Number of protein chains: 2
Amino acid sequence: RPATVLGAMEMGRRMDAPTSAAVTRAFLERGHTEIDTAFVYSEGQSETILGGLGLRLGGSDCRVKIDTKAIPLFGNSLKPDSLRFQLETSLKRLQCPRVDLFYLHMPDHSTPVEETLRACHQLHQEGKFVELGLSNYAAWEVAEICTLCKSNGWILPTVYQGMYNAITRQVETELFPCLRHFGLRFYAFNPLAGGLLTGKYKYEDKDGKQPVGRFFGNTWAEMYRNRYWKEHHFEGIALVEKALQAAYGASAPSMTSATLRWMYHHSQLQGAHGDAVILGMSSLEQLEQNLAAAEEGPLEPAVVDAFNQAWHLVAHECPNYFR
Amino acid sequence: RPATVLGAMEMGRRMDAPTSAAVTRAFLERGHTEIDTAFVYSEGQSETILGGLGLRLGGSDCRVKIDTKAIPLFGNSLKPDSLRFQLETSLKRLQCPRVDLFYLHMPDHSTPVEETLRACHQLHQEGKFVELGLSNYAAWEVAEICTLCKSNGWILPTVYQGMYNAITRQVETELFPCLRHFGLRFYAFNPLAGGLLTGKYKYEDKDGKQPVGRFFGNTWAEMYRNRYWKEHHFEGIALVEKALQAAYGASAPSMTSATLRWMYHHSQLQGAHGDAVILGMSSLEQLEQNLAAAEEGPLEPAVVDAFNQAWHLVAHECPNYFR
Ligand SMILES: NC(=O)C1=CN([C@@H]2O[C@H](COP(=O)(O)OP(=O)(O)OC[C@H]3O[C@@H](n4cnc5c(N)ncnc54)[C@H](OP(=O)(O)O)[C@@H]3O)[C@@H](O)[C@H]2O)C=CC1
Ligand SMILES: NC(=O)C1=CN([C@@H]2O[C@H](COP(=O)(O)OP(=O)(O)OC[C@H]3O[C@@H](n4cnc5c(N)ncnc54)[C@H](OP(=O)(O)O)[C@@H]3O)[C@@H](O)[C@H]2O)C=CC1
Ligand SMILES: [Ca+2]
């Protein structure tokens, strides 16, 4: 019931222009509608690829919805001037007059949030975007922002994009309550923990095999290792894999599939409120594999219990949902 | 360095009028200053006892600072009218014209927070209290409240009273950052987890011994059991007890003492910001025992590591700091 959005992060990085176009064709041919990219993804090659797929983005004669973000990393801030530069560039790349969703990618702890939101309003007034979004803000920062917008009559954020998966559930305690209260819908990223929950890695690979992927041989490799590559995580994947063979046997699904099905059927996400899962992939064979799992049904209760047991294993060493 | 406040919950319940007066005398004779009670504590007998100790409370010729609260349980709400009835009664009981701190005991999910705060302001304008407080609100509810007060020119809350102890640290992740941002000081309750961290119980008592205390034979017995009486908690106390004997030997302190010393020396509480620990007791022998531990010095690092290891044991099954 929960929506599916296309994660365009690896477009320009692991997937070339052709592979990315193929993936977008596949995604849309399953009736899905929305795509997530960002100013910063693959040095801007992501937004430029999508902008050149002739999707007439931002138009009225247009079925596809597009999402982008502005960050306060590198030279950039979320101060008014930088904020504009980043969006205006995203637009020129995407070859469109406006985006459907515009996120603040992360908190800019050096810029008062008031200044940023006023600037967001002024940009909304100019029709550069439809909906405002937040990502990686703490629950309480969201509460502040929404209250400031109500009282200053600025556009309220209506979508939160956050780190959520079967073995990473910090968002549940405070963020979700908060989001439901202020009426934001939640879009999940890292739904496979970068691929860790596909079960294709073993802990001992950090010392030896080091397979070129999300966790090895790129700029952000180490960050992702500090996030998800813990011993207790690999215990938890094993625990689920054993529970899968036990309850399903020979007919057992891949735990790529199991992990995605957890998000769609057994998480706190709710189709009713417009929540979505942002799917990640580095290849077409992976997307087809994942889109299938999206449509698959719910899991036996004994497996959902095992996921829960695995989460309890790692909860103490869980990464923060906020920067 | 962190302050000490007297928990007056058991006054009228486990401690009679005489025992409570004795405890207040002892507490003040160590140079401490502030006392925490509530409208609801022991059906009002707490506030009435304190009011009859001739402390000339709320007066100018008065060394002691007094704290009370209004709840939205039972008939009561935090709507303006109820709010007044509760405070006005607290005053008549305490025999004083104003309280030094006035908490909203818990969130009233059936009353818009705006209505409540306006009423709090109007009551502050009338000089019924000095400082406004919150308790058991989610970090993000606090952020909302403070922002509404700034923008509506109402009194801001300046003290948060929250559930905090060596084996219960959920407040650390989001609440504390938030509190430091809005300038609230934190007062810890449940510092001994209701007495569980005194190490006087063993898990197997629920089935047999059931010793009349915080955890047995009262209205709230079962709530406290659902909060702290878990198997993994008792593991953790054992882990600390072994670490104490290991690093200190024969000269090892009681882990009533160790637990309190953790709050005062090794927690996130900071004397600098005016943070405090609210001490609980059901007898005078307990208070003298605890007040001693308050003044004791810091702990060996190997023991602080053991507390940390114990917290990691129970973090997944940790009670929420918010209602
Ligand atoms: N702003 C934010 O806070 C964030 C937003 N996002 C957005 O959300 C999306 C989701 O995040 P992401 O980390 O991609 O989510 P995932 O947890 O699903 O990670 C996707 C990764 O998992 C692996 N994978 C994908 N498909 C398969 C498969 N079929 N079988 C085995 N492994 C597979 C791939 O890793 P590998 O290359 O190792 O094979 C792929 O790169 C991103 O695309 C991006 O648009 C992402 C990160 C941050
Ligand atoms: N803001 C809020 O929502 C809350 C506020 N409060 C406040 O917090 C204060 C402190 O909380 P409280 O839970 O009472 O504090 P603790 O967590 O320290 O628990 C106190 C209880 O533990 C036991 N105990 C005390 N001293 C000893 C000792 N020396 N050796 C062994 N056991 C001991 C006693 O329980 P027993 O005799 O029954 O075994 C005592 O009644 C309260 O008094 C109250 O003012 C309390 C709850 C909620
Ligand atoms: Ca282990």
# chains A, B, ... in the order shown; residues from 1 in each chain; ligands from 1
call {"tool": "residues_near_ligand", "arguments": {"ligand": "ligand 1", "cutoff": "8 Å", "atoms": "only C-alpha atoms and all ligand atoms", "output": "mmCIF file with C-alpha atoms, in the first residue's frame"}}
result
data_model
loop_
_atom_site.group_PDB
_atom_site.id
_atom_site.type_symbol
_atom_site.label_atom_id
_atom_site.label_comp_id
_atom_site.auth_asym_id
_atom_site.auth_seq_id
_atom_site.Cartn_x
_atom_site.Cartn_y
_atom_site.Cartn_z
ATOM 1 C CA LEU A 6 13.024 5.968 -7.498
ATOM 2 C CA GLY A 7 16.385 6.670 -5.810
ATOM 3 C CA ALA A 8 18.491 8.444 -8.434
ATOM 4 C CA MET A 9 21.691 8.660 -6.394
ATOM 5 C CA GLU A 10 23.730 6.137 -8.338
ATOM 6 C CA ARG A 14 27.645 3.482 -10.902
ATOM 7 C CA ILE A 35 11.897 10.251 -8.570
ATOM 8 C CA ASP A 36 14.381 11.375 -5.887
ATOM 9 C CA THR A 37 17.594 13.139 -6.811
ATOM 10 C CA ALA A 38 19.722 15.919 -5.303
ATOM 11 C CA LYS A 69 17.539 18.935 -2.491
ATOM 12 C CA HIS A 105 18.993 17.943 2.575
ATOM 13 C CA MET A 106 20.464 18.479 6.062
ATOM 14 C CA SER A 135 15.702 15.438 5.592
ATOM 15 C CA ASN A 136 17.985 14.401 8.453
ATOM 16 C CA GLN A 161 12.933 11.924 4.043
ATOM 17 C CA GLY A 162 14.623 9.749 6.684
ATOM 18 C CA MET A 163 16.885 6.793 7.364
ATOM 19 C CA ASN A 165 15.019 -0.019 7.559
ATOM 20 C CA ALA A 188 12.334 6.003 3.680
ATOM 21 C CA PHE A 189 15.925 5.913 2.433
ATOM 22 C CA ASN A 190 18.559 3.257 3.107
ATOM 23 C CA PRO A 191 15.797 0.635 2.984
ATOM 24 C CA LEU A 192 18.373 -2.128 2.422
ATOM 25 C CA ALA A 193 20.982 -0.463 4.657
ATOM 26 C CA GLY A 194 23.066 0.293 1.547
ATOM 27 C CA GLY A 195 22.732 -3.291 0.401
ATOM 28 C CA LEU A 196 23.866 -4.816 3.725
ATOM 29 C CA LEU A 197 20.401 -6.340 4.179
ATOM 30 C CA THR A 198 20.664 -8.136 0.813
ATOM 31 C CA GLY A 199 22.933 -10.504 2.782
ATOM 32 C CA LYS A 200 25.632 -10.539 0.105
ATOM 33 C CA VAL A 212 33.840 -2.802 -4.897
ATOM 34 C CA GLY A 213 30.402 -1.548 -3.877
ATOM 35 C CA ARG A 214 28.602 0.844 -1.539
ATOM 36 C CA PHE A 215 30.875 -0.213 1.294
ATOM 37 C CA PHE A 216 34.206 -0.359 -0.569
ATOM 38 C CA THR A 256 16.664 -8.695 -0.253
ATOM 39 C CA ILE A 278 12.847 5.192 -1.861
ATOM 40 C CA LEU A 279 14.446 2.214 -3.589
ATOM 41 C CA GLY A 280 18.187 2.119 -4.205
ATOM 42 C CA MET A 281 20.084 0.227 -6.912
ATOM 43 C CA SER A 282 23.417 0.234 -8.715
ATOM 44 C CA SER A 283 22.184 -1.868 -11.689
ATOM 45 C CA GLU A 285 19.181 -6.444 -12.592
ATOM 46 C CA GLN A 286 18.936 -5.060 -9.032
ATOM 47 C CA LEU A 287 15.991 -2.766 -9.749
ATOM 48 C CA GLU A 288 13.891 -5.499 -11.411
ATOM 49 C CA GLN A 289 14.788 -7.717 -8.417
ATOM 50 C CA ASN A 290 13.629 -5.011 -5.986
#
call {"tool": "closest_atom_pairs", "arguments": {"of": "chain A", "to": "chain B", "cutoff": "9 Å", "atoms": "only C-alpha atoms", "output": "CSV"}}
result
residue,atom,partner,partner_atom,distance
A:138,CA,B:174,CA,7.4
A:139,CA,B:140,CA,5.6
A:140,CA,B:140,CA,3.7
A:141,CA,B:140,CA,7.2
A:142,CA,B:140,CA,7.6
A:143,CA,B:144,CA,5.5
A:144,CA,B:144,CA,5.6
A:145,CA,B:144,CA,8.9
A:146,CA,B:144,CA,8.5
A:147,CA,B:144,CA,6.4
A:148,CA,B:147,CA,7.4
A:151,CA,B:151,CA,7.9
A:173,CA,B:320,CA,8.0
A:174,CA,B:138,CA,7.1
A:175,CA,B:140,CA,8.3
A:178,CA,B:140,CA,6.8
A:311,CA,B:316,CA,8.1
A:312,CA,B:316,CA,5.2
A:313,CA,B:316,CA,7.7
A:314,CA,B:316,CA,8.1
A:315,CA,B:316,CA,5.4
A:316,CA,B:312,CA,5.4
A:317,CA,B:312,CA,8.1
A:320,CA,B:173,CA,8.4
call {"tool": "write_last_selection", "arguments": {"atoms": "N, CA and C atoms", "output": "CSV table (one decimal), in the first residue's frame"}}
result
chain,number,residue,atom,x,y,z
A,138,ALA,N,16.4,16.6,13.2
A,138,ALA,CA,15.9,16.0,14.4
A,138,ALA,C,14.4,16.3,14.5
A,139,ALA,N,13.6,15.4,15.1
A,139,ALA,CA,12.2,15.6,15.4
A,139,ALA,C,11.9,17.0,15.9
A,140,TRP,N,12.7,17.4,16.9
A,140,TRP,CA,12.4,18.7,17.5
A,140,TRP,C,12.8,19.9,16.6
A,141,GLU,N,13.7,19.7,15.7
A,141,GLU,CA,14.0,20.8,14.7
A,141,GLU,C,12.8,20.9,13.7
A,142,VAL,N,12.2,19.8,13.4
A,142,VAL,CA,11.0,19.8,12.5
A,142,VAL,C,9.9,20.5,13.2
A,143,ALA,N,9.6,20.2,14.5
A,143,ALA,CA,8.6,20.9,15.3
A,143,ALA,C,8.8,22.4,15.3
A,144,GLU,N,10.1,22.8,15.4
A,144,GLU,CA,10.4,24.2,15.4
A,144,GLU,C,10.0,24.8,14.0
A,145,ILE,N,10.5,24.2,13.0
A,145,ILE,CA,10.3,24.7,11.6
A,145,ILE,C,8.8,24.9,11.3
A,146,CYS,N,8.0,23.9,11.6
A,146,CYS,CA,6.6,23.9,11.3
A,146,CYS,C,5.9,25.0,12.1
A,147,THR,N,6.2,25.1,13.3
A,147,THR,CA,5.6,26.2,14.1
A,147,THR,C,5.9,27.6,13.6
A,148,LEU,N,7.2,27.7,13.2
A,148,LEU,CA,7.6,29.0,12.6
A,148,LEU,C,6.9,29.4,11.3
A,151,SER,N,3.1,30.4,12.0
A,151,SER,CA,3.1,31.7,12.6
A,151,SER,C,3.6,32.8,11.7
A,173,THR,N,10.7,6.3,17.5
A,173,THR,CA,10.4,6.7,18.8
A,173,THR,C,9.8,8.1,18.9
A,174,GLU,N,10.5,9.1,18.2
A,174,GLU,CA,10.0,10.5,18.3
A,174,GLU,C,9.6,11.1,17.0
A,175,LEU,N,10.4,10.8,15.9
A,175,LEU,CA,10.1,11.5,14.7
A,175,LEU,C,8.7,11.2,14.2
A,178,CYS,N,5.8,12.9,15.8
A,178,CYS,CA,5.9,14.3,15.4
A,178,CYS,C,5.4,14.5,14.1
A,311,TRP,N,16.8,-6.3,15.3
A,311,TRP,CA,16.8,-4.9,15.6
A,311,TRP,C,17.2,-4.7,17.1
A,312,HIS,N,16.6,-5.5,18.0
A,312,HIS,CA,17.0,-5.4,19.4
A,312,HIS,C,18.4,-5.7,19.7
A,313,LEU,N,19.0,-6.5,18.8
A,313,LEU,CA,20.4,-6.8,18.8
A,313,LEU,C,21.3,-5.6,18.6
A,314,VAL,N,20.9,-4.7,17.6
A,314,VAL,CA,21.7,-3.6,17.2
A,314,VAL,C,21.2,-2.2,17.7
A,315,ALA,N,20.1,-2.2,18.4
A,315,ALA,CA,19.5,-0.9,18.7
A,315,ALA,C,20.4,0.0,19.5
A,316,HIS,N,21.2,-0.5,20.4
A,316,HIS,CA,22.2,0.2,21.2
A,316,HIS,C,23.3,0.9,20.4
A,317,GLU,N,23.6,0.3,19.2
A,317,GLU,CA,24.7,0.8,18.3
A,317,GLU,C,24.1,1.4,17.0
A,320,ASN,N,22.3,7.6,14.3
A,320,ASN,CA,21.3,8.6,14.4
A,320,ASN,C,20.7,9.0,13.0
call {"tool": "atom_distance", "arguments": {"atom1": "atom CA of residue 158 of chain A", "atom2": "atom CA of residue 104 of chain A"}}
result
11.9 Å
call {"tool": "residues_around", "arguments": {"residues": "residue 13 of chain B", "least_positions_apart": "5", "cutoff": "8 Å", "atoms": "only C-alpha atoms", "output": "list in words"}}
result
residues 42, 45 and 46 of chain B
call {"tool": "residues_near_ligand", "arguments": {"ligand": "ligand 3", "cutoff": "9 Å", "atoms": "only C-alpha atoms and all ligand atoms", "output": "list in words"}}
result
residues 231, 232, 235 and 313 of chain A
call {"tool": "atom_distance", "arguments": {"atom1": "atom CA of residue 128 of chain A", "atom2": "atom CA of residue 97 of chain A"}}
result
6.5 Å
call {"tool": "residues_around", "arguments": {"residues": "residue 123 of chain B", "least_positions_apart": "3", "cutoff": "10 Å", "atoms": "only C-alpha atoms", "output": "number ranges by chain"}}
result
B: 80, 83-84, 87-88, 117-120, 126-130
call {"tool": "write_last_selection", "arguments": {"atoms": "N, CA and C atoms", "output": "tab-separated table (two decimals), in the first residue's frame"}}
result
chain	number	residue	atom	x	y	z
B	80	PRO	N	-7.53	25.61	30.59
B	80	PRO	CA	-7.37	26.73	31.51
B	80	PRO	C	-8.06	26.55	32.87
B	83	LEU	N	-6.52	23.79	35.03
B	83	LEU	CA	-5.18	24.22	35.33
B	83	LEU	C	-5.19	25.11	36.57
B	84	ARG	N	-6.11	26.07	36.61
B	84	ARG	CA	-6.25	26.98	37.74
B	84	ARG	C	-6.62	26.24	39.01
B	87	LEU	N	-3.61	24.39	40.55
B	87	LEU	CA	-2.60	25.27	41.14
B	87	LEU	C	-3.13	25.93	42.40
B	88	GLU	N	-4.32	26.52	42.29
B	88	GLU	CA	-4.93	27.21	43.41
B	88	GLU	C	-5.08	26.30	44.63
B	117	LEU	N	-0.79	27.10	27.50
B	117	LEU	CA	0.31	28.04	27.72
B	117	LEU	C	-0.20	29.44	28.01
B	118	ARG	N	-1.18	29.89	27.23
B	118	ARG	CA	-1.85	31.16	27.49
B	118	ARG	C	-2.37	31.24	28.93
B	119	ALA	N	-2.97	30.15	29.39
B	119	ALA	CA	-3.45	30.05	30.76
B	119	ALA	C	-2.29	30.08	31.76
B	120	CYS	N	-1.17	29.45	31.41
B	120	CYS	CA	0.02	29.50	32.26
B	120	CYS	C	0.53	30.92	32.38
B	126	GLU	N	-0.45	36.76	37.31
B	126	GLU	CA	-1.09	36.93	38.61
B	126	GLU	C	-0.16	36.58	39.77
B	127	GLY	N	1.07	36.18	39.45
B	127	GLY	CA	2.09	35.92	40.45
B	127	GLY	C	1.88	34.65	41.25
B	128	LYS	N	1.20	33.67	40.66
B	128	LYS	CA	0.96	32.39	41.32
B	128	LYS	C	2.21	31.50	41.25
B	129	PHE	N	3.11	31.79	40.31
B	129	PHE	CA	4.38	31.07	40.22
B	129	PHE	C	5.48	31.90	39.55
B	130	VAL	N	6.72	31.47	39.78
B	130	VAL	CA	7.90	32.16	39.27
B	130	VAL	C	8.32	31.58	37.93
call {"tool": "atom_distance", "arguments": {"atom1": "atom CA of residue 70 of chain B", "atom2": "atom CA of residue 89 of chain B"}}
result
10.2 Å
call {"tool": "closest_residue", "arguments": {"among": "A:11, A:294, A:156, A:71", "to": "residue 32 of chain A", "atoms": "only C-alpha atoms"}}
result
A:294
call {"tool": "residues_around", "arguments": {"residues": "residue 62 of chain B", "least_positions_apart": "3", "cutoff": "12 Å", "atoms": "only C-alpha atoms", "output": "tab-separated table (two decimals) with N, CA, C and O atoms, in the first residue's frame"}}
result
chain	number	residue	atom	x	y	z
B	33	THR	N	18.24	23.02	49.04
B	33	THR	CA	17.32	24.14	49.02
B	33	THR	C	15.91	23.88	48.45
B	33	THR	O	14.93	24.45	48.94
B	34	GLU	N	15.80	23.01	47.45
B	34	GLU	CA	14.58	22.90	46.63
B	34	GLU	C	13.84	21.56	46.83
B	34	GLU	O	14.47	20.51	47.01
B	54	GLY	N	5.69	24.88	58.52
B	54	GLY	CA	6.04	26.25	58.90
B	54	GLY	C	7.28	26.79	58.21
B	54	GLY	O	8.09	27.48	58.82
B	55	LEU	N	7.42	26.45	56.92
B	55	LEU	CA	8.54	26.93	56.12
B	55	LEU	C	8.22	28.28	55.47
B	55	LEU	O	9.01	28.76	54.66
B	56	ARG	N	7.09	28.88	55.81
B	56	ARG	CA	6.70	30.17	55.27
B	56	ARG	C	6.96	30.22	53.76
B	56	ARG	O	7.52	31.19	53.25
B	57	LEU	N	6.56	29.16	53.06
B	57	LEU	CA	6.88	28.99	51.64
B	57	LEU	C	6.40	30.15	50.77
B	57	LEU	O	5.46	30.86	51.14
B	58	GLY	N	7.08	30.36	49.64
B	58	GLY	CA	6.70	31.40	48.67
B	58	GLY	C	6.90	32.81	49.16
B	58	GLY	O	6.78	33.78	48.39
B	59	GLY	N	7.17	32.93	50.45
B	59	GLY	CA	7.43	34.21	51.05
B	59	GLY	C	8.80	34.70	50.65
B	59	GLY	O	9.59	33.98	50.03
B	65	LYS	N	12.95	26.64	48.14
B	65	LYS	CA	12.23	26.80	46.87
B	65	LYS	C	11.32	25.58	46.67
B	65	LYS	O	11.75	24.46	46.89
B	66	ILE	N	10.06	25.81	46.31
B	66	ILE	CA	9.05	24.73	46.21
B	66	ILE	C	8.55	24.52	44.77
B	66	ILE	O	8.31	25.49	44.03
B	96	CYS	N	0.80	28.98	50.88
B	96	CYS	CA	1.68	29.99	50.30
B	96	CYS	C	0.98	30.74	49.17
B	96	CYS	O	0.01	30.25	48.60
B	98	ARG	N	2.58	31.82	46.34
B	98	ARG	CA	3.11	31.37	45.05
B	98	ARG	C	4.14	30.25	45.17
B	98	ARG	O	4.81	30.10	46.19
B	99	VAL	N	4.26	29.48	44.10
B	99	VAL	CA	5.27	28.43	44.02
B	99	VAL	C	6.43	28.94	43.20
B	99	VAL	O	6.27	29.82	42.36
B	100	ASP	N	7.60	28.35	43.43
B	100	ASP	CA	8.83	28.77	42.76
B	100	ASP	C	8.97	28.12	41.37
B	100	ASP	O	9.59	28.70	40.48
call {"tool": "select_by_dssp", "arguments": {"residues": "segment 61-90 of chain A", "states": "strand (DSSP E or B)", "output": "NGL selection string"}}
result
:A and (65-70)
